[PDB]
Structures are given as structure tokens and as C-alpha cells.
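Heads up, the thing below is written out as C-alpha cells.
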Number of protein chains: 2
Amino acid sequence: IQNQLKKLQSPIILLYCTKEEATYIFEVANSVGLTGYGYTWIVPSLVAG
Amino acid sequence: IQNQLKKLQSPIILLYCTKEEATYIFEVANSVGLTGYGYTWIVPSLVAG
């Protein structure tokens with residue numbers, strides 16, 4: 001995902017993952033360099049915790 | 001440098017560093033994703049080992 005920072009440069013990004021995995025994955029993506037877009041991510045409330 | 005992979009996409013790149021540091025730095029750049037360009041790097045023989 002550190003290599004995939006180049007392909008995640010969007011004003012709005014759709015995200016559909018497992019929320020149990022996503023507490024690890026979102027911190028990984030914040031350490032990738034996507035913290036400024038980390039507030040601009042979409043989940044449904046069922047996918048959300 | 002993992003973030004700086006995007007700004008090192010050139011057919012030929014000039015490199016001027018310390019060769020004592022460069023045995024660490026070049027392996028770092030290979031783990032960044034620049035191994036395919038790792039054979040296309042320039043040093044003088046004085047900068048080289």
C-alpha cells in the first residue's frame with residue numbers, strides 16, 4: 001500500500017473491507033501517507049463499527 | 001524514499017552520495033521498488049567503491 005499510494009490519490013475513495021481488519025488497515029494506510037485523505041473515506045454503517 | 005518512488009521515475013538518474021552509506025541506501029531503494037532502475041544508476045569511480 002506504500003507503493004499503492006500513487007493509485008489512491010482521489011478526492012473521494014470508496015472503501016469496502018472488514019472492520020475487524022480495518023482497525024489495522026486504516027492505521028497502515030495512515031502510515032502509508034494517506035492520513036490527510038484518511039478522514040475522507042466511505043463505509044456503510046453496516047460495514048462500519 | 002518509499003513515498004519518493006513517484007519522483008524517481010526516470011530512464012537515467014544521477015546519484016551522488018557516500019559509498020559507505022550507499023550500501024545501506026541502495027538496498028533501501030531496492031526495497032522501495034526501484035530495483036529495476038537499480039541497475040541504471042550513475043556514480044563516478046571516485047564515488048564508487
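Identifiers in the C-alpha cells: chain A, B, ... in order shown; residue index from 1 per chain; ligand index from 1 in order shown.
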
Closest pair table for chain B residues within 9 Å of chain A, only C-alpha atoms, as a tab-separated table:
```
residue	atom	partner	partner_atom	distance
B:2	CA	A:2	CA	6.6
B:3	CA	A:2	CA	7.0
B:5	CA	A:3	CA	7.9
B:6	CA	A:6	CA	7.3
B:32	CA	A:3	CA	7.8
B:33	CA	A:3	CA	7.6
```

Handout entry: strand (DSSP E or B) residues, from DSSP on the backbone, in chain B, as a PyMOL selection string
Key = chain B and resi 13-14+41-42

Could you pull the residues within 10 Å of stretch 22-27 of chain B, counting only C-alpha atoms, minus those fewer than 2 positions along the same chain, as a PDB file with C-alpha atoms, in the first residue's frame?
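So out_30.pdb came out as:
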```
ATOM      1  CA  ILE B   1      12.047   7.152  -0.206  1.00  0.00           C
ATOM      2  CA  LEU B  15      23.320   9.698  -7.868  1.00  0.00           C
ATOM      3  CA  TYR B  16      25.940  11.381  -5.666  1.00  0.00           C
ATOM      4  CA  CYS B  17      26.143  10.014  -2.119  1.00  0.00           C
ATOM      5  CA  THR B  18      28.599   8.412   0.301  1.00  0.00           C
ATOM      6  CA  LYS B  19      29.502   4.871  -0.771  1.00  0.00           C
ATOM      7  CA  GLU B  20      29.753   3.830   2.880  1.00  0.00           C
ATOM      8  CA  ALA B  29      15.959   1.884  -2.640  1.00  0.00           C
ATOM      9  CA  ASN B  30      15.707  -1.709  -3.870  1.00  0.00           C
ATOM     10  CA  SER B  31      13.143  -2.383  -1.139  1.00  0.00           C
ATOM     11  CA  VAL B  32      11.368   0.853  -2.120  1.00  0.00           C
ATOM     12  CA  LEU B  34      13.465   0.756  -7.541  1.00  0.00           C
ATOM     13  CA  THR B  35      15.352  -2.476  -8.213  1.00  0.00           C
ATOM     14  CA  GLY B  38      18.745  -0.069  -9.566  1.00  0.00           C
ATOM     15  CA  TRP B  41      22.366   4.385 -11.603  1.00  0.00           C
ATOM     16  CA  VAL B  47      32.306   7.975  -5.552  1.00  0.00           C
ATOM     17  CA  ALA B  48      32.123   4.245  -6.362  1.00  0.00           C
ATOM     18  CA  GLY B  49      33.881   1.636  -4.242  1.00  0.00           C
TER      19      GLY B  49
END
```
